[PDB]
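Raw coords36.cif, mmCIF, C-alpha atoms:
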```
data_protein
#
loop_
_atom_site.group_PDB
_atom_site.id
_atom_site.type_symbol
_atom_site.label_atom_id
_atom_site.label_comp_id
_atom_site.auth_asym_id
_atom_site.auth_seq_id
_atom_site.Cartn_x
_atom_site.Cartn_y
_atom_site.Cartn_z
ATOM 1 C CA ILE A 1 80.781 91.758 104.771
ATOM 2 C CA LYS A 2 78.148 93.528 106.875
ATOM 3 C CA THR A 3 77.634 91.353 109.982
ATOM 4 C CA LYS A 4 79.504 88.653 111.937
ATOM 5 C CA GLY A 5 77.434 85.941 110.221
ATOM 6 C CA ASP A 6 78.711 87.241 106.852
ATOM 7 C CA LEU A 7 82.339 87.120 108.116
ATOM 8 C CA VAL A 8 81.680 83.462 109.129
ATOM 9 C CA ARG A 9 79.886 82.534 105.895
ATOM 10 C CA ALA A 10 82.641 84.031 103.733
ATOM 11 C CA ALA A 11 85.298 82.284 105.825
ATOM 12 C CA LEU A 12 83.548 78.934 105.371
ATOM 13 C CA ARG A 13 83.133 79.659 101.655
ATOM 14 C CA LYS A 14 86.887 80.206 101.348
ATOM 15 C CA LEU A 15 87.566 76.840 103.006
ATOM 16 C CA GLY A 16 85.168 75.115 100.605
ATOM 17 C CA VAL A 17 82.836 74.055 103.437
ATOM 18 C CA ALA A 18 79.173 75.127 103.457
ATOM 19 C CA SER A 19 79.259 77.107 100.217
ATOM 20 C CA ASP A 20 76.832 77.304 97.310
ATOM 21 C CA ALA A 21 79.656 76.705 94.814
ATOM 22 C CA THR A 22 79.586 73.051 95.953
ATOM 23 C CA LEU A 23 75.833 72.751 96.755
ATOM 24 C CA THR A 24 76.687 72.396 100.462
ATOM 25 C CA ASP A 25 74.354 73.859 103.090
ATOM 26 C CA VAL A 26 75.067 75.284 106.525
ATOM 27 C CA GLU A 27 74.476 73.996 110.093
ATOM 28 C CA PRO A 28 73.297 76.579 112.670
ATOM 29 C CA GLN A 29 75.668 75.332 115.366
ATOM 30 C CA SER A 30 78.512 75.801 112.889
ATOM 31 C CA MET A 31 77.439 79.457 112.830
ATOM 32 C CA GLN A 32 77.395 79.550 116.631
ATOM 33 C CA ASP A 33 80.821 77.929 117.033
ATOM 34 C CA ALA A 34 82.419 80.063 114.318
ATOM 35 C CA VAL A 35 80.963 83.256 115.812
ATOM 36 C CA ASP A 36 82.372 82.249 119.202
ATOM 37 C CA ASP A 37 85.750 81.596 117.564
ATOM 38 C CA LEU A 38 85.611 84.979 115.818
ATOM 39 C CA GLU A 39 84.811 86.701 119.114
ATOM 40 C CA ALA A 40 87.721 84.963 120.844
ATOM 41 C CA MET A 41 90.141 85.770 118.010
ATOM 42 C CA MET A 42 89.100 89.434 117.889
ATOM 43 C CA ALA A 43 89.435 89.744 121.669
ATOM 44 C CA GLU A 44 92.894 88.150 121.568
ATOM 45 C CA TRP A 45 93.906 90.537 118.783
ATOM 46 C CA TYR A 46 92.557 93.570 120.652
ATOM 47 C CA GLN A 47 93.902 92.883 124.173
ATOM 48 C CA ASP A 48 91.691 95.695 125.504
ATOM 49 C CA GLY A 49 93.256 98.250 123.170
ATOM 50 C CA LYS A 50 96.889 97.226 123.714
ATOM 51 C CA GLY A 51 97.007 95.363 120.392
ATOM 52 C CA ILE A 52 95.694 95.757 116.853
ATOM 53 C CA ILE A 53 92.631 98.012 116.632
ATOM 54 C CA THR A 54 90.212 97.072 113.853
ATOM 55 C CA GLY A 55 86.938 98.729 114.878
ATOM 56 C CA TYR A 56 85.389 95.375 115.782
ATOM 57 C CA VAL A 57 82.589 95.685 118.341
ATOM 58 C CA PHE A 58 82.437 93.053 121.080
ATOM 59 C CA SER A 59 79.123 91.804 122.428
ATOM 60 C CA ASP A 60 78.380 92.764 126.019
ATOM 61 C CA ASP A 61 78.527 90.243 128.854
ATOM 62 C CA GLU A 62 74.740 90.211 129.277
ATOM 63 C CA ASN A 63 73.985 89.357 125.634
ATOM 64 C CA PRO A 64 76.005 86.552 124.014
ATOM 65 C CA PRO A 65 77.223 87.234 120.463
ATOM 66 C CA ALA A 66 74.711 86.472 117.721
ATOM 67 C CA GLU A 67 74.822 86.017 113.960
ATOM 68 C CA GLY A 68 72.988 89.255 113.172
ATOM 69 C CA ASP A 69 75.148 91.766 115.050
ATOM 70 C CA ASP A 70 77.125 94.139 112.850
ATOM 71 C CA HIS A 71 80.876 93.650 113.136
ATOM 72 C CA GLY A 72 81.685 97.355 112.810
ATOM 73 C CA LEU A 73 84.961 96.726 110.979
ATOM 74 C CA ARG A 74 86.266 99.119 108.361
ATOM 75 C CA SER A 75 85.704 98.220 104.718
ATOM 76 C CA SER A 76 89.442 97.506 104.350
ATOM 77 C CA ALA A 77 89.494 95.089 107.309
ATOM 78 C CA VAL A 78 86.797 92.539 106.406
ATOM 79 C CA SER A 79 89.023 90.507 104.076
ATOM 80 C CA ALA A 80 91.757 89.960 106.663
ATOM 81 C CA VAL A 81 89.207 89.156 109.368
ATOM 82 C CA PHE A 82 87.397 86.438 107.464
ATOM 83 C CA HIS A 83 90.613 84.992 106.006
ATOM 84 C CA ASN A 84 92.046 84.659 109.519
ATOM 85 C CA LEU A 85 88.722 83.239 110.718
ATOM 86 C CA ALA A 86 88.903 80.590 107.990
ATOM 87 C CA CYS A 87 92.493 79.795 108.962
ATOM 88 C CA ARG A 88 91.485 79.449 112.620
ATOM 89 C CA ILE A 89 88.425 77.263 111.949
ATOM 90 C CA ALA A 90 90.114 75.043 109.353
ATOM 91 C CA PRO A 91 91.154 72.467 112.023
ATOM 92 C CA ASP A 92 87.514 72.387 113.157
ATOM 93 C CA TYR A 93 86.477 70.465 110.026
ATOM 94 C CA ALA A 94 89.623 68.280 109.902
ATOM 95 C CA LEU A 95 91.079 70.471 107.151
ATOM 96 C CA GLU A 96 94.214 72.539 106.621
ATOM 97 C CA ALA A 97 93.898 75.957 105.007
ATOM 98 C CA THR A 98 95.606 76.240 101.634
ATOM 99 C CA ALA A 99 98.804 78.214 101.121
ATOM 100 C CA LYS A 100 96.907 81.013 99.372
ATOM 101 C CA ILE A 101 94.526 81.485 102.310
ATOM 102 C CA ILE A 102 97.404 81.562 104.811
ATOM 103 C CA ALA A 103 99.353 84.066 102.705
ATOM 104 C CA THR A 104 96.279 86.273 102.291
ATOM 105 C CA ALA A 105 95.617 86.182 106.041
ATOM 106 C CA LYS A 106 99.220 87.159 106.804
ATOM 107 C CA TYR A 107 99.089 90.003 104.272
ATOM 108 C CA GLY A 108 95.792 91.216 105.707
ATOM 109 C CA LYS A 109 97.094 91.198 109.279
ATOM 110 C CA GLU A 110 100.185 93.109 108.138
ATOM 111 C CA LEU A 111 97.974 95.722 106.475
ATOM 112 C CA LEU A 112 95.744 95.941 109.558
ATOM 113 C CA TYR A 113 98.689 96.676 111.827
ATOM 114 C CA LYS A 114 100.475 98.967 109.340
ATOM 115 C CA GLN A 115 98.541 102.105 110.303
ATOM 116 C CA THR A 116 98.648 101.331 114.027
ATOM 117 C CA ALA A 117 102.417 100.803 113.823
ATOM 118 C CA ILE A 118 102.802 104.137 112.027
ATOM 119 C CA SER A 119 100.688 105.857 114.689
ATOM 120 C CA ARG A 120 102.558 104.235 117.593
ATOM 121 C CA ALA A 121 105.991 105.086 116.125
ATOM 122 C CA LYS A 122 106.218 108.202 118.286
ATOM 123 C CA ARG A 123 109.558 109.339 119.653
ATOM 124 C CA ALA A 124 110.003 110.010 123.331
ATOM 125 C CA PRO A 125 110.440 113.631 124.447
ATOM 126 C CA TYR A 126 113.836 115.044 125.312
ATOM 127 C CA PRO A 127 115.489 113.678 128.470
ATOM 128 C CA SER A 128 115.204 115.350 131.869
ATOM 129 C CA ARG A 129 118.913 116.254 132.012
ATOM 130 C CA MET A 130 119.022 117.861 128.550
ATOM 131 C CA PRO A 131 119.678 121.611 128.468
ATOM 132 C CA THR A 132 117.723 123.870 126.144
ATOM 133 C CA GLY A 133 120.497 125.619 124.229
ATOM 134 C CA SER A 134 121.069 129.371 124.283
ATOM 135 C CA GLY A 135 119.536 129.638 120.806
ATOM 136 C CA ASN A 136 116.066 129.212 122.314
ATOM 137 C CA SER A 137 114.753 132.566 123.536
ATOM 138 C CA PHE A 138 112.504 130.703 125.995
ATOM 139 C CA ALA A 139 115.702 130.133 127.984
ATOM 140 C CA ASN A 140 115.111 133.631 129.390
ATOM 141 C CA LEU A 141 112.000 132.159 131.054
ATOM 142 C CA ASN A 142 114.363 130.152 133.311
ATOM 143 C CA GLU A 143 113.783 127.114 131.065
ATOM 144 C CA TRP A 144 117.443 126.143 130.851
ATOM 145 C CA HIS A 145 116.784 122.389 131.101
ATOM 146 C CA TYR A 146 114.120 120.328 129.350
ATOM 147 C CA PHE A 147 110.930 119.096 130.966
ATOM 148 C CA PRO A 148 111.087 115.422 131.998
ATOM 149 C CA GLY A 149 109.234 112.839 129.952
ATOM 150 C CA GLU B 312 161.262 130.359 74.483
ATOM 151 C CA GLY B 313 160.126 131.806 77.791
ATOM 152 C CA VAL B 314 159.119 129.965 80.955
ATOM 153 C CA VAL B 315 155.439 129.114 80.303
ATOM 154 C CA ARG B 316 155.939 127.167 77.058
ATOM 155 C CA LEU B 317 157.171 123.868 78.524
ATOM 156 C CA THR B 318 154.564 123.839 81.320
ATOM 157 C CA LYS B 319 151.628 123.960 78.892
ATOM 158 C CA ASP B 320 151.045 120.203 78.626
ATOM 159 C CA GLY B 321 151.243 119.566 82.366
ATOM 160 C CA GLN B 322 148.989 122.515 83.175
ATOM 161 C CA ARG B 323 146.429 121.484 80.545
ATOM 162 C CA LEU B 324 146.425 117.930 81.901
ATOM 163 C CA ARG B 325 145.973 119.287 85.434
ATOM 164 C CA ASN B 326 143.009 121.400 84.326
ATOM 165 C CA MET B 327 141.447 118.477 82.450
ATOM 166 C CA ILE B 328 141.824 116.125 85.424
ATOM 167 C CA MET B 329 140.355 118.702 87.809
ATOM 168 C CA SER B 330 137.415 119.308 85.459
ATOM 169 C CA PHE B 331 136.781 115.563 85.165
ATOM 170 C CA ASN B 332 136.906 115.188 88.950
ATOM 171 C CA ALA B 333 134.483 118.091 89.419
ATOM 172 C CA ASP B 334 132.137 116.410 86.937
ATOM 173 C CA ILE B 335 132.442 113.195 88.963
ATOM 174 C CA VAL B 336 131.644 115.115 92.154
ATOM 175 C CA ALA B 337 128.609 116.863 90.673
ATOM 176 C CA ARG B 338 126.885 114.388 88.353
ATOM 177 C CA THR B 339 127.432 111.149 90.288
ATOM 178 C CA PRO B 340 124.269 110.034 92.128
ATOM 179 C CA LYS B 341 124.629 110.107 95.905
ATOM 180 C CA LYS B 342 124.489 107.132 98.282
ATOM 181 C CA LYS B 343 120.868 106.129 98.908
ATOM 182 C CA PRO B 344 119.438 102.719 99.836
ATOM 183 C CA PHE B 345 118.062 100.389 97.179
ATOM 184 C CA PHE B 346 114.438 99.628 98.066
ATOM 185 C CA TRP B 347 111.786 97.555 96.375
ATOM 186 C CA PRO B 348 108.575 99.610 96.042
ATOM 187 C CA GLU B 349 106.705 96.871 97.929
ATOM 188 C CA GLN B 350 109.197 96.849 100.816
ATOM 189 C CA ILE B 351 108.273 100.374 101.922
ATOM 190 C CA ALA B 352 104.677 100.475 100.691
ATOM 191 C CA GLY B 353 102.821 102.648 103.190
ATOM 192 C CA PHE B 354 106.044 103.476 105.064
ATOM 193 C CA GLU B 355 107.307 106.104 102.624
ATOM 194 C CA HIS B 356 107.127 109.158 104.902
ATOM 195 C CA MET B 357 109.614 107.457 107.252
ATOM 196 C CA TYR B 358 112.512 107.524 104.726
ATOM 197 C CA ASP B 359 111.936 111.127 103.502
ATOM 198 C CA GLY B 360 114.694 112.488 105.777
ATOM 199 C CA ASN B 361 112.539 113.515 108.766
ATOM 200 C CA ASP B 362 113.782 112.566 112.276
ATOM 201 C CA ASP B 363 110.233 112.285 113.713
#
```
In structure tokens, what does this structure look like?
Amino acid sequence: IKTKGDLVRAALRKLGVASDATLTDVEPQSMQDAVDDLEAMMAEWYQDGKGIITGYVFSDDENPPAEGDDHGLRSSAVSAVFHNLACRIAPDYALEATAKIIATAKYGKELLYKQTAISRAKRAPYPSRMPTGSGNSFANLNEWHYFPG
Amino acid sequence: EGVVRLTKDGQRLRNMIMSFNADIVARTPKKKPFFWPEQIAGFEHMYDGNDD
């Protein structure tokens, strides 16, 4: 919602574990383990910028991730993040995420990568053996063949 | 009788068939893919006709 602890608490709430709708209370090491899992999942998604970009901020090497650090995700990315976190940490508590949670996580990941896929759908420039036709007046500048890609 | 009296029916039928075929050419919707609105949701500037 606003910090990594919130992403963990909402994910646990979705799974039905450690939520105030069932009078269940939280364990601090559950927070620590789920934050570590969230960090690992976000890093695996990111792949140092070669994968999905969500605006998530990763804790530096010197300071281990904590509950109170802001996630930095966009307002349209929180839902997918905590749904996928719940799916990932479901086996932790000997549980399997319901079909609705899995479907929501898949839909959220699709929506996260939609804009990146649109941005990365860029055509390559013309080949290096393509001639610039006589209709281009820049041909007079000795630019008879295209620049290489 | 002259020469254009017995060709009236055939010529009228020819004109009617040509008019019907021109109507078919003009008013028939062209060939475009059938898409669900959810299939292309967010990807709707890729099917506009651009080659980008």
Starting from the PyMOL selection byres ((chain A) within 9 of (chain B)), expand the selection into actual residues of this file and give them as a ChimeraX atom specification. /A:114-115,118,121-123
The PyMOL selection byres ((chain A and resi 13-26) around 8) on the file shown: which residues, as an MDAnalysis selection string? chainID A and resid 9:12 27:28 30:31 83 86 90 97 101
Could you turn the residues from that selection into a file that holds C-alpha atoms, as an mmCIF file, in the frame of the given file?
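Dumped to out-v7.cif:
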```cif
data_model
loop_
_atom_site.group_PDB
_atom_site.id
_atom_site.type_symbol
_atom_site.label_atom_id
_atom_site.label_comp_id
_atom_site.auth_asym_id
_atom_site.auth_seq_id
_atom_site.Cartn_x
_atom_site.Cartn_y
_atom_site.Cartn_z
ATOM 1 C CA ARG A 9 79.886 82.534 105.895
ATOM 2 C CA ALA A 10 82.641 84.031 103.733
ATOM 3 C CA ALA A 11 85.298 82.284 105.825
ATOM 4 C CA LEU A 12 83.548 78.934 105.371
ATOM 5 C CA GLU A 27 74.476 73.996 110.093
ATOM 6 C CA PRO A 28 73.297 76.579 112.670
ATOM 7 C CA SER A 30 78.512 75.801 112.889
ATOM 8 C CA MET A 31 77.439 79.457 112.830
ATOM 9 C CA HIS A 83 90.613 84.992 106.006
ATOM 10 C CA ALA A 86 88.903 80.590 107.990
ATOM 11 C CA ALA A 90 90.114 75.043 109.353
ATOM 12 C CA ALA A 97 93.898 75.957 105.007
ATOM 13 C CA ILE A 101 94.526 81.485 102.310
#
```
The PyMOL selection byres ((chain A and resi 76) around 12) on the file shown: which residues, as a PyMOL selection string? chain A and resi 1+54-55+72-75+77-82+108-109+111-113+115
Here's a test: counting only C-alpha atoms, identify every protein, DNA and RNA residue with an atom at most 12 Å from (113.8, 126.6, 134.0) in the file's coordinate frame, and state them as a count of residues only. 17
What is the CA of residue 315 in chain B-CA of residue 334 in chain B distance in Å, reported with one decimal? 27.4 Å
In file coordinates, which residues lie within 9 Å of (85.6, 83.6, 116.7) using all atoms listed in the file, given as a list in words?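 Those residues lying close to the given coordinates are residues 8, 33, 34, 35, 36, 37, 38, 39, 40, 41, 42, 43, 85, 88 and 89 of chain A.
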Same residues, C-alpha atoms, saved as a JSON list (two decimals), in the frame of the given file:
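Below you can see part_27.json, which holds the result:
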```
[["chain", "number", "residue", "atom", "x", "y", "z"],
["A", 8, "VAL", "CA", 81.68, 83.46, 109.13],
["A", 33, "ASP", "CA", 80.82, 77.93, 117.03],
["A", 34, "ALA", "CA", 82.42, 80.06, 114.32],
["A", 35, "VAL", "CA", 80.96, 83.26, 115.81],
["A", 36, "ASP", "CA", 82.37, 82.25, 119.20],
["A", 37, "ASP", "CA", 85.75, 81.60, 117.56],
["A", 38, "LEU", "CA", 85.61, 84.98, 115.82],
["A", 39, "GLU", "CA", 84.81, 86.70, 119.11],
["A", 40, "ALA", "CA", 87.72, 84.96, 120.84],
["A", 41, "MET", "CA", 90.14, 85.77, 118.01],
["A", 42, "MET", "CA", 89.10, 89.43, 117.89],
["A", 43, "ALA", "CA", 89.44, 89.74, 121.67],
["A", 85, "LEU", "CA", 88.72, 83.24, 110.72],
["A", 88, "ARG", "CA", 91.48, 79.45, 112.62],
["A", 89, "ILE", "CA", 88.42, 77.26, 111.95]]
```
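Using only C-alpha atoms, the shortest contact distance between residue 103 in chain A and any of A:66, A:53, A:87, A:7 is found at A:87.
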